[PDB]
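To keep things clear, I will list the structure first and then write my remarks on it.
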Amino acid sequence: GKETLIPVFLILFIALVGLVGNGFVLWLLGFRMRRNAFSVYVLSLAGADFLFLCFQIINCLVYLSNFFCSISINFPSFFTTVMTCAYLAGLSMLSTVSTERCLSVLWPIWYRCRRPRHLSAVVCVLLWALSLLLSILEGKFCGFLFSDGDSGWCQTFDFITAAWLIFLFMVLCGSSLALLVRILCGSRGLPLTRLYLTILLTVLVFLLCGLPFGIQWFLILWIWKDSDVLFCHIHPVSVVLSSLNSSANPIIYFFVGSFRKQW
Amino acid sequence: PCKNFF
Ligand SMILES: CC(C)CCC[C@@H](C)[C@H]1CC[C@H]2[C@@H]3CC=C4C[C@@H](O)CC[C@]4(C)[C@H]3CC[C@]12C
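In the order they appear, the protein sequences are chains A and Z.
Per UniProt numbering, residue 27 is the first one in the first sequence, and the count goes up by one each step.
Per UniProt numbering, residue 92 is the first one in the second sequence, and the count goes up by one each step.
Below, the structure is given as structure tokens:
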């Protein structure tokens with residue numbers, strides 16, 4: 027009732043801020059600005075964040091509508107799976123950005139010369155395809171499509187997305203660690219302080235705001251089986267942190283990188 | 092469905 031309403035206003039505000047940020051990033055990198063090999067990843071991450079933030083706006087707006095106006099807007103059940111696809115694709119883009127930075131620092135000669143030009147596009151397409159495959163197959167077995175599926179085979183396939191999520195986190199932490207070792211061992215001209223500050227900032231953002239929604243939604247919910255406690259308190263906060271993470275992602279990745287020279 | 096829903 028009232029205890030859920032106060033997080034939901036935070037959801038709509040943070041979602042609107044991240045919405046206008048992701049829209050600006052999408053428009054700029056699509057049309058106005060020249061694209062690097064790396065800019066494709068930021069564009070894809072903004073696109074993956076868009077769907078998730080728009081669906082958060084929908085899911086809070088109809089909660090306002092149901093609470094005050096009581097219209098009882100029942101939804102199509104396949105919104106959840108495309109929202110899950112958006113979330114997983116955003117996290118995959120985060121980890122792939124980290125690995126691309128590590129590959130650039132470790133092998134500079136290969137990254138300048140021998141790197142294929144469409145490698146960023148093919149990696150983005152493959153990770154989006156794998157995210158969509160893990161999303162709809164979690165959707166069909168758990169009832170978030172036309173047909174309904176068994177809950178017993180739901181948890182077998184849902185834990186696969188959780189294991190993939192933990193692997194996707196360990197890839198981000200492992201690759202950001204190797205870059206730090208390389209720049210702290212024998213790198214001369216780089217700005218070290220700003221560099222480890224921004225790397226550590228991305229690591230804490232991805233661990234504290236990106237992970238908890240997925241962890242709680244998939245792996246945590248099934249194992250705990252403490253329904254009264256979990257939904258009322260844990261769930262509202264989990265969405266907000268994950269929603270917050272999507273909003274802060276354009277600011278961290280594109281706007282700090284691009285608009286630094288302007289201010 | 093099978094899931095709690097949000
Ligand atoms: C196989 C299917 C699921 C992929 C389609 C995913 C859709 C939703 C969209 C979201 C953002 C899109 C990407 C946005 C940016 C570019 C850069 C462009 O130079 C190559 C295409 C590419 C990489 C697009 C590929 C398709 C894409 C990833």
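Ideal Cβ positions, reconstructed from N, Cα and C, are used throughout, including at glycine.
{"Item": "Tell me the rounded alpha-carbon separation between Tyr279(A) and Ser91(A).", "Value": "34 angstroms"}
{"Item": "Rounding to the nearest angstrom, what Cα-Cα distance links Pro134(A) and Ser124(A) in this structure?", "Value": "15 angstroms"}
{"Item": "Could you compute how far the alpha carbon of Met59(A) sits from the alpha carbon of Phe104(A)?", "Value": "34 angstroms"}
{"Item": "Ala188(A) lies in the alpha helix (DSSP H); which residues open and close that run?", "Value": "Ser177 to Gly212"}
{"Item": "In chain order, what residues of the same chain lie with their CB nearer than 7 angstroms to the CB of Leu270(A), ignoring the 5 residues before and after it?", "Value": "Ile40 and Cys235"}
{"Item": "Any beta carbon of chain Z sitting closer than 8 angstroms to that of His259(A)?", "Value": "no"}
{"Item": "List, in chain order, every chain Z residue whose beta-carbon is nearer than 8 angstroms to that of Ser103(A).", "Value": "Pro92"}
{"Item": "Assign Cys86(A) to one of three DSSP states: helix, strand, or coil.", "Value": "helix"}
{"Item": "Helix, strand or coil, according to DSSP, for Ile99(A) in the structure here?", "Value": "coil"}
{"Item": "Using a Cβ-based criterion (distance less than 7 angstroms to any ligand heavy atom), does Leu158(A) qualify as near ligand 1?", "Value": "yes"}
{"Item": "Which same chain residues end up closer than 7 angstroms to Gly175(A) when comparing Cβ atoms and leaving out the 5 residues on each side of it in sequence?", "Value": "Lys166, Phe167, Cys168 and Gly169"}
{"Item": "Applying the criterion that 16 or more other CB atoms from any shown protein chain within 10 Å of the CB defines a buried residue, is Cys128(A) buried or exposed?", "Value": "buried"}
{"Item": "Under the assumption that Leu52(A) contacts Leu71(A) (Cβ atoms under 8 angstroms), give the Cβ distance between them as a whole number of angstroms.", "Value": "Wrong, their Cβ atoms sit about 10 angstroms apart, outside the cutoff."}
{"Item": "Mapping DSSP to helix, strand and coil, what is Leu171(A)?", "Value": "coil"}
{"Item": "I need the straight-line Cα distance from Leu156(A) to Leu117(A), nearest angstrom please.", "Value": "12 angstroms"}
{"Item": "Checking 8 angstroms against the spacing of the C-beta atoms, do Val66(A) and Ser146(A) come in under that value?", "Value": "yes"}
{"Item": "Taking only the alpha-carbon atoms, compute the straight-line gap between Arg286(A) and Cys86(A) and give it to the nearest angstrom.", "Value": "34 angstroms"}
{"Item": "Can you pull out the residues from the stretch 240–272 of chain A whose beta carbon lies closer than 9 angstroms to at least one beta carbon of chain Z?", "Value": "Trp243, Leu247, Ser253, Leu256, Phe257, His261 and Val265"}
{"Item": "In whole angstroms, what separates the C-alpha of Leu223(A) from that of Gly178(A)?", "Value": "44 angstroms"}
{"Item": "Beta carbon of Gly73(A): closer than 7 angstroms to some heavy atom of ligand 1?", "Value": "yes"}
{"Item": "With 16 other CB atoms within 10 Å as the buried threshold, where does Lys28(A) fall?", "Value": "exposed"}
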